[PDB]
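A quick write-up on the structure given underneath.
Protein chains: 4
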Amino acid sequence: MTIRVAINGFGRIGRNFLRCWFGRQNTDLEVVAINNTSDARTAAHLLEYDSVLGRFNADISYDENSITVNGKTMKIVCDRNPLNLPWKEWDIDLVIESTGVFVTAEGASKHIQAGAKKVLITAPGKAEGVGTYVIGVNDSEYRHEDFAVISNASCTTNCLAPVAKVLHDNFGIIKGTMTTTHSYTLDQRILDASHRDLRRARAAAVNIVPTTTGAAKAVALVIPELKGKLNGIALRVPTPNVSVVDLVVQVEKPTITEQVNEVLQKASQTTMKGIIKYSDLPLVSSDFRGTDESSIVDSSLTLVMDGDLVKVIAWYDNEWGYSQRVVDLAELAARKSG
Amino acid sequence: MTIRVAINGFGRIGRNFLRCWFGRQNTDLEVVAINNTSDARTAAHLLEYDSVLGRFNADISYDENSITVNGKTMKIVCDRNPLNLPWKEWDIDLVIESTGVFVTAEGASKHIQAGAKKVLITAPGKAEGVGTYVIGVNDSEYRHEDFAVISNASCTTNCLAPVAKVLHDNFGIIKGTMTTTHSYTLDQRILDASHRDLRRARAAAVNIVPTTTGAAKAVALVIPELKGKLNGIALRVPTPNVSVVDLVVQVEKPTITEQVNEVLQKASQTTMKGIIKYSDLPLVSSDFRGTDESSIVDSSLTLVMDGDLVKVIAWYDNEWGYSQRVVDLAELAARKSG
Amino acid sequence: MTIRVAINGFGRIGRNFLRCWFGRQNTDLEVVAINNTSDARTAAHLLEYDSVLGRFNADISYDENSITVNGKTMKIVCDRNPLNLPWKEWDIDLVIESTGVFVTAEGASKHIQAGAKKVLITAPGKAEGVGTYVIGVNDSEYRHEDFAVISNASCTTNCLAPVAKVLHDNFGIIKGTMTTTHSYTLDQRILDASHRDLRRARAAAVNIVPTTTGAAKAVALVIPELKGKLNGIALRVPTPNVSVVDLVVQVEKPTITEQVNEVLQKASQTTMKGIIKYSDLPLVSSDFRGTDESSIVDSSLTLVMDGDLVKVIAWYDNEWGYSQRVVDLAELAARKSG
Amino acid sequence: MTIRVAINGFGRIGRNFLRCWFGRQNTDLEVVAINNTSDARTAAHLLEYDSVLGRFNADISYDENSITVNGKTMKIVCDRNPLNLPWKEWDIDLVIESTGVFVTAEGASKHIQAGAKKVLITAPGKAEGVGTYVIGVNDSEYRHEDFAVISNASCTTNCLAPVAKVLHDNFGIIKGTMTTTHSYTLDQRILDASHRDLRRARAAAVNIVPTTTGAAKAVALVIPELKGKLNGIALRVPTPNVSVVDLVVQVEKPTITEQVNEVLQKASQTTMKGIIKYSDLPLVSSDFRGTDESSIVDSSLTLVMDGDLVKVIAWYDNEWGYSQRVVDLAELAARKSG
Ligand SMILES: NC(=O)c1ccc[n+]([C@@H]2O[C@H](COP(=O)([O-])OP(=O)(O)OC[C@H]3O[C@@H](n4cnc5c(N)ncnc54)[C@H](OP(=O)(O)O)[C@@H]3O)[C@@H](O)[C@H]2O)c1
Ligand SMILES: NC(=O)c1ccc[n+]([C@@H]2O[C@H](COP(=O)([O-])OP(=O)(O)OC[C@H]3O[C@@H](n4cnc5c(N)ncnc54)[C@H](OP(=O)(O)O)[C@@H]3O)[C@@H](O)[C@H]2O)c1
Ligand SMILES: NC(=O)c1ccc[n+]([C@@H]2O[C@H](COP(=O)([O-])OP(=O)(O)OC[C@H]3O[C@@H](n4cnc5c(N)ncnc54)[C@H](OP(=O)(O)O)[C@@H]3O)[C@@H](O)[C@H]2O)c1
Ligand SMILES: NC(=O)c1ccc[n+]([C@@H]2O[C@H](COP(=O)([O-])OP(=O)(O)OC[C@H]3O[C@@H](n4cnc5c(N)ncnc54)[C@H](OP(=O)(O)O)[C@@H]3O)[C@@H](O)[C@H]2O)c1
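Protein chains in written order, with PDB author numbering: chain A, 1 to 338; chain B, 1 to 338; chain A', 1 to 338; chain B', 1 to 338. A prime marks a further copy of an entry chain.
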């Protein structure tokens, strides 16, 4: 039926998640609270005007400590300490952790101590303790009691995994490598400034910047048969949104370009309907802004070297597509609370 | 002689100041310490590799708590609290305040309490108490004991002031307005994120963003006769460095384009030699990267409407040009300690 | 009732005009043909996928020599010589000249020789012979027989004129100056390459580039009382669309910021309803993508120096807003053919 | 000795080649003429001011039909038809074909018909007939009389080939794939405009744009043993210069990361000295502007999956690095005319 949801960290994913939610047909979610760093005024304003999604077409208003959208009112709070949040009193079942700062089991659990029952990290979990799910890959393995702290993995892993599942099922992945040409994010710097990563420290809009990614190793979390078989890197480039994955895998079953495309397209219409979009048009990155699928296979770019070495390129709106999946995963949690 | 200087905040201006210094012919400054937020390693790395200035061609090395450039060793320390700094013990005479967080007389003076004798804010001073100087405009009014907390004003004010002086001296400014088309800075956000200023909160590299500026009112600090006579706004645009000033003034002495140019040039060769550069080539913004002058008059763009309404456009490398001036001001202070 | 229209030059304005047209309530236009440089395939594809407007939500298809949108079919032709166009045979009443290459009376008239009755240049006319109109400023002065070749002026003039009309009517413009911070266009170069204008020759996305504008002088065409009273320059900056006008005028009737705003807002709700949008929100350039008005006054930026020197900043979507006006002007022509 | 050279097409590569040349220690080339599309004035102006390279520090002057750089005078001519060129009369030995329009044996040979003896295409040759050389890979196979039309291949092939040679020599390449994340070029469009390639038609600075590349198949031209063994695609991204190659190869001799790096470095100090630069610093794209090497191995990004699947990432200044190689190839030809 319905679970009460609160969003912690009203940033890119936070606001994207909200909009996705409001565009949904039906839902078992009731967003009742938002925890942010600024005021209610700033939350309503950044929710309405988005440099990438454009203006949110909806009735948006706000007051000293809440925001209202199309009639639904959501309390606004602002505590940098999750432990101080009124989750218990507000009867919060599920908190969407999208602050980027409570990604460990303990960290994210501070919301449990504060009263919530389950928390969903909109990012990879760090350390042990969190269950990871990727809609369309291991979602049938979701059990309510497994973890109070779950993760929807990263945007890159959500694009990568579905395609890896289809590629592995039909040809058998022996080993593979991947590179993601990714839009810059708020974790990078607009101009040269210190950062734990000497590369993300550099002016994002004027540099192609290499950076590590755990996305390839992470698919093992949702497709255990691929443990230690994949890896790769990331290249952050000067675009504000949408990215693309370049996956190269040595396959076990010799095949041909027309065929890997055939199965990927087959899957986009059936088993990965809604998860994998099959695009055979000569399109560019900004053409996928707002696409709901987690992986957008660009068919005309598929390539097979000597029968067993395949390359597939898949696009993804790392903000919106991902948020659609975190919505799906929350909805999945809803369809089985306690 | 020589005064002992320490840099607080090793950011853009901080590192720009250091490179400017090392490129200088002679100096009365001895930079002996740098207080930054990260480690010595990151400082040496961002000092050498710059996305805008390019590689710093010099012998740069570092250890756990110092960095060495061309044989001169500089201690590295990292305290977010200026009150904890060993200024007294390191015999610090002048501190360059380039953190962007201690811009009030009180704030900056924390350095004084910690032992420094004079502090120079590489930005406008907020509130009462700081002395303000713009090289080439009011530097002859510099007296060592007037203020322990001095300010070199903003980059925009340093470009605007020298041009205002020349225009006012020669035609008499009645009132005027200015707009600066400015490159973005680290005070802006790469993607839509909260900010005190809802406009600076919006993704910098994909927006033209309007923001307020105190630069026009501030020239009064250095040309008192212009108090209440100037005003303006700023438009941040997607370039990482160099900006341009659009100054429109109603003048008292009717004049003509050829003449305002004639006097601006005259000044660039004489009274403003080194402060104002006279450019009559059809150039664009990146052609001014690394220019030492505070103001670069684009002559072919000078315009005079009906004899008393003049418009002059002046470029400026907001990082490098400005940093050259703070070196000049630190040197000015040096040539008169006590 | 209905006039037959053909678009010559299916570029930015060309495709923008078409989409605007298809979004209109009612119309007296029937677009029946498109003359482009490439094939029908390329026309349908660039009409559907736009890096700035996003995907055109409509039924779009094409064949060897035509394109169909939501049932309406439009013949595709491709002749670099207007004189070779089948206007007479296709019974073309009005041709939308948006190739950027037939902007003179003679040039644009080649379409008349080829059979069309009236041609509308989506840009300033060059030389003598063309009538210029700016919806909301001099449209009541439109007579069918005045010119077979008309012009909708430029995007900058359409933003500037409405505001100048309101400002002049209520306070009397003595003289003024203007600067437009404008998105780059296909007339500029992505990288340093030759151009008649040594400044537009320079890499557009990495430079702020000064360039001349005739927009200020042009308002005299639609507001003759302002002949020789205005002028200005342009600054092309790294954004793909939407620009902003900065107008400074010496006024005859002393006034105050609150008041010029009051009249501008008054006009946005009445005499300039649909032409001037009054925005008092702290917004940025990409927030106006797709705005229909020709001028968007940013109120919080309005400024008045010493009572008679005013500055108003107005935004405009130089592609879409402008195209909405060329649609309006074609519709106006329609409401009075012969 | 010395051969008389003429530059056809004074664009990016054209001007880059000229600056590279002037910076060279000794030469066997004498550049005596430049054929461009605009006037001598525009050539001198774009030669001096570069948005990417910065100001050319040299004595540059020009007149109605020549330009002089550091005392060497070069005639300027402007014919779009190579067949009209005074090559015979100016005793031209070698023409540098950098227009990007005469890339077939026949096309380029128009220069030969006009009097030149050998022509060097600064791009891949299209169709049969041209000899291809990549300095450091197959330059010892250069024989003066093999071809009158030679090619220095593409920038991507020049970065890919030296790395392929080293990897193939040491581990044996069975098959492989590569993707180049490339800065945009003048063959791309600033805003959505028609193009033979519907993807290159889309606004370059606001899109990640997929495009085909012949670079991988082309290394076979210079390392025959790799015919049919490599393949790939390109992704154009919003930076104006420097690109990176992502090469994944299935190797015959199992190896480890430390080892592929060990051999790549070994080569950078010996057999590929000056062709391959070994970079083990955490740098980003703009840090490689102005690098002379054809390939810049980013060691920390080297990756080896299960011993026989290697990935190496190599940067390259697609304009400057490439131009240094065409100077090298022109010099190679010079050291063996007839
Ligand atoms: N961007 C993407 O494409 C993407 C894709 C997949 C996963 N993610 C993941 O999503 C998470 C959020 O990233 P984002 O891109 O949306 O960045 P973001 O816009 O910075 O969002 C994080 C939001 O949380 C707020 N915040 C930080 N610490 C907080 C605290 N202690 N309490 C309450 N709010 C706090 C931030 O406030 P201030 O900013 O004001 O400090 C900001 O509003 C990260 O873990 C990231 O890796 C992002
Ligand atoms: N950009 C320009 O062109 C320009 C021109 C004129 C004046 N300014 C002014 O110069 C100042 C510095 O700006 P910027 O552009 O150089 O920005 P910035 O690069 O962020 O520089 C500020 C530096 O201070 C450090 N910092 C922050 N808090 C600190 C603290 N409590 N203690 C010690 N160091 C601290 C920062 O470290 P973290 O970043 O790691 O926190 C960074 O290294 C500002 O007042 C600005 O208005 C800038
Ligand atoms: N961009 C703006 O914001 C804006 C605002 C106001 C006014 N305008 C004016 O609108 C006009 C069009 O500019 P635009 O920005 O839309 O540029 P554009 O996208 O280049 O559009 C011009 C279109 O006309 C085509 N064309 C050129 N010569 C032709 C010929 N002889 N016959 C048939 N088609 C021809 C071009 O083909 P190819 O490109 O394939 O050669 C292109 O498709 C210009 O006069 C401009 O000043 C533009
Ligand atoms: N960009 C790179 O990094 C790179 C690297 C390796 C190879 N290349 C190759 O180098 C070649 C040149 O490309 P580019 O990037 O330098 O582009 P570009 O700057 O456009 O250079 C071509 C030059 O040739 C001129 N031109 C065009 N048609 C001509 C004709 N009929 N006769 C004489 N001159 C003519 C152009 O003038 P107008 O522009 O005024 O028409 C321009 O000066 C291409 O084959 C390209 O694939 C480029």
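All C-beta atoms in this analysis are idealised placements derived from N, C-alpha and C, irrespective of residue type, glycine included.
Checklist entry - Buried or exposed: which applies to A':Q269, given that a residue is buried once 16 or more other Cβ atoms fall within 10 Å of its Cβ? => result As a working mapping, residue 269 of chain A' is identified with position 269 in the third sequence. It is exposed - the Cβ of A':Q269 has fewer than 16 other Cβ atoms within 10 Å.
Checklist entry - So with Cβ pairs under 9 Å, would you call A':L281 a contact of chain A? => result Position 281 of the third sequence, counted from the start, is the residue given in the question as residue 281 of chain A'. Answer yes: the Cβ-Cβ gap between A':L281 and chain A drops below 9 Å somewhere.
Next on the checklist: Here's a check: name, in chain order, each residue in its chain whose Cβ is nearer than 7 Å to the Cβ of A:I173, leaving out the five neighbours to either side.
Outcome noted: On the first sequence, residue 173 of chain A is found 173 positions in, with the first residue counted as 1. The residues are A164, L167, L226, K229, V249 and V251.
Checklist entry - Identify the residues that DSSP records as bridge partners of B:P210: which are they? => result Numbered from 1 along the second sequence, position 210 holds the residue referred to as residue 210 of chain B. Note: B:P210 sits in a beta bridge opposite B:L235.
Checklist entry - Taking 9 Å as the CB-CB limit, is B:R289 close to chain B'? => result Position 289 of the second sequence holds residue 289 of chain B. Closer than 9 Å to some Cβ of chain B', the Cβ of B:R289 qualifies, so yes.
Checklist entry - How should A':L303 be labelled, buried or exposed, when 16 other C-beta atoms within 10 angstroms of its C-beta is the threshold for buried? => result Position 303 of the third sequence, counted from the first residue, corresponds to residue 303 of chain A'. The C-beta of A':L303 has 16 or more other C-beta atoms within 10 Å across all chains shown, which makes the residue buried.
Checklist entry - By the 10 Å Cβ neighbour count, where 16 or more other Cβ atoms means buried, how is B':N26 classified, buried or exposed? => result Along the fourth sequence, one-based indexing puts residue 26 of chain B' at 26. Classification of B':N26: exposed, given that the 10 Å Cβ count is below 16.
Item to check | N-terminal and C-terminal residue of the beta strand (DSSP E) that A:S243 is part of | outcome: Residue mapping note: residue 243 of chain A aligns to position 243 of the first sequence, counting from 1. Unbroken beta strand (DSSP E) run through A:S243: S243 to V251.
Item to check | Residue from B:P282, B:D79, B:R24 and B:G100 with nearest C-alpha to B:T37 | outcome: Within the second sequence, numbered from 1, the residue matching residue 37 of chain B stands at position 37. Looking at the Cα atoms, B:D79 is the closest of the given residues.
Checklist entry - Would DSSP call A':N84 helix, strand or coil? => result Counting from 1 along the third sequence, the entry for residue 84 of chain A' is found at position 84. It is helical.
Item to check | Residue from B:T239, B:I135 and B:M74 whose Cα sits closest to the Cα of B:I276 | outcome: Position 276 of the second sequence, counted from the first residue, corresponds to residue 276 of chain B. Here the closest residue by C-alpha is B:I135.
Checklist entry - What three-state label does DSSP hand A':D298 in the structure shown? => result Taking the third sequence and counting its residues from 1, one reaches residue 298 of chain A' at position 298. A':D298: strand per DSSP, three-state reduction.
Checklist entry - With burial defined as no fewer than 16 other Cβ atoms inside 10 Å of the residue's Cβ, what is the status of A:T42: buried or exposed? => result Looking up residue 42 of chain A in the first sequence gives position 42. A:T42 sits buried, since 16 or more C-beta atoms from the chains shown fall within 10 Å of its C-beta.
Checklist entry - Taking 9 Å as the CB-CB limit, is residue 351 of chain A close to chain B? => result Given a span of 1 to 338 for chain A in the structure shown, any question on residue 351 of chain A remains unanswerable.
Checklist entry - Taking a cut of 8 Å between CB atoms, which residues from the region 48-63 of chain A lie near chain A'? => result So the close ones are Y49, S51, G54 and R55.
Next on the checklist: Just to confirm, is the Cβ distance from B:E97 to B:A127 under 9 Å?
Outcome noted: Translated into the one-based positions of the second sequence, residue 97 of chain B becomes position 97. Translated into the one-based positions of the second sequence, residue 127 of chain B becomes position 127. The answer is no: Cβ separation not under 9 Å.
Checklist entry - Nearest chain A C-beta to A':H182 closer than 9 Å, yes or no? => result Your numbering for residue 182 of chain A' matches position 182 in the third sequence. Interface criterion not met: the Cβ of A':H182 is under 9 Å from no Cβ in chain A.
Checklist entry - Any heavy atom of ligand 2 closer than 8 Å to the CB of B:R12? => result As a working note, residue 12 of chain B is residue 12 in the second sequence. At least one heavy atom of ligand 2 lies closer than 8 Å to the C-beta of B:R12.
Checklist entry - Of all the residues that make up the region 239-254 of chain B, which are near chain A' by a beta-carbon distance shorter than 7 Å? => result So the close ones are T239, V244, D246, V248 and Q250.
Checklist entry - Cβ of B':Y322 within 8 Å of any heavy atom in ligand 4? => result Here residue 322 of chain B' refers to the residue found at position 322 of the fourth sequence. Yes, ligand 4 has a heavy atom inside 8 Å of this Cβ.
Next on the checklist: Against B':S140, what residues of chain B qualify as contacts under a CB-to-CB distance less than 7 Å, listed in chain order?
Outcome noted: For the purposes of this step, residue 140 of chain B' is identified with residue 140 of the fourth sequence, where counting begins at 1. Using a Cβ-Cβ cut-off of 7 Å, B':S140 is close to nothing in chain B; its nearest Cβ partner there is about 33 Å away.
Next on the checklist: Here's a check: name, in chain order, each residue in its chain whose Cβ is nearer than 6 Å to the Cβ of A':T104, leaving out the five neighbours to either side.
Outcome noted: For the purposes of this step, residue 104 of chain A' is taken as the residue at position 104 of the third sequence. Counting only Cβ-Cβ distances below 6 Å, and skipping sequence neighbours, we find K126 and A127.
Next on the checklist: Once DSSP output is grouped into helix, strand and coil, what is the label at A:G23?
Outcome noted: By 1-based counting over the first sequence, the position of residue 23 of chain A is 23. Three-state result, A:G23: helix.
Next on the checklist: Run through chain A and tell me which residues come within less than 7 Å of B':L198, C-beta to C-beta.
Outcome noted: On the fourth sequence, position 198 is the one that residue 198 of chain B' refers to. For B':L198, the chain A residues whose C-beta falls within less than 7 Å of its own C-beta are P282, listed in chain order.
Item to check | Residues near B':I208 by beta carbon distance below 7 Å, same chain, minus five either side | outcome: Start at 1 with the first residue of the fourth sequence, and residue 208 of chain B' comes out as number 208. For B':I208, the CB contacts under 7 Å within the same chain, skipping 5 residues up- and downstream, are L235 and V237 in chain order.
Item to check | Nonlocal neighbours in the same chain, by C-beta distance under 6 Å from A:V119, ignoring five residues either side | outcome: In the first sequence, the residue the question calls residue 119 of chain A occupies position 119. Contacts found: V95, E97, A108, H111 and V149.
Checklist entry - So with Cβ pairs under 9 Å, would you call B':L230 a contact of chain A? => result Residue 230 of chain B' sits at position 230 when you count from the first residue of the fourth sequence. Between B':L230 and chain A, the shortest Cβ-Cβ separation is below 9 Å.
Checklist entry - Got a sec: which bits of the region 208-226 of chain A' sit with their beta carbon under 7 Å from any beta carbon on chain B, in order along the chain? => result Those would be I208, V209 and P210, in chain order.
Checklist entry - What is the rounded straight-line gap between the Cα of A':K117 and the Cα of A':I92? => result Mapped onto the third sequence, residue 117 of chain A' falls at position 117. Mapped onto the third sequence, residue 92 of chain A' falls at position 92. One Cα belongs to A':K117, the other to A':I92, and the distance between them is close to 7 Å.
Item to check | Exposure of B':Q113, with buried meaning 16 or more beta-carbon neighbours within 10 Å | outcome: Taking the fourth sequence and counting its residues from 1, one reaches residue 113 of chain B' at position 113. Residue environment: B':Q113 is assigned as exposed (fewer than 16 neighbouring CB atoms within 10 Å of its CB, all protein chains considered).
Checklist entry - So B':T180 is in the beta strand (DSSP E); what residue range does that whole segment cover? => result By one-based count along the fourth sequence, residue 180 of chain B' stands at place 180. Secondary structure note for B':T180: its beta strand (DSSP E) is the uninterrupted segment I173 to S183.
Next on the checklist: Taking the beta strand (DSSP E) that A:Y316 belongs to, which residues open and close that run?
Outcome noted: What you label residue 316 of chain A is simply residue 316 of the first sequence in a count that begins at 1. From DSSP, the beta strand (DSSP E) with A:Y316 extends over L309 to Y316.
Next on the checklist: Out of B:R202, B:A123 and B:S300, which one is the CA nearest neighbour of B:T213?
Outcome noted: Within the second sequence, residue 213 of chain B is the residue found at index 213, counting from 1. That would be B:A123, whose Cα lies nearest to the Cα of B:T213.
Item to check | Proximity winner among B':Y184, B':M178, B':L264 and B':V242, relative to B':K217 (alpha-carbon distances) | outcome: Start at 1 with the first residue of the fourth sequence, and residue 217 of chain B' comes out as number 217. Comparing Cα positions, the closest option is B':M178.
Checklist entry - With DSSP run on the structure shown, which of helix, strand or coil describes A':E128? => result In the third sequence, residue 128 of chain A' corresponds to position 128, counting from 1. Coil.
Next on the checklist: Rounded to the nearest angstrom, what separates A':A330 and A':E145 at their Cα positions?
Outcome noted: What you label residue 330 of chain A' is simply residue 330 of the third sequence in a count that begins at 1. What you label residue 145 of chain A' is simply residue 145 of the third sequence in a count that begins at 1. Roughly 14 Å between the two C-alpha positions.
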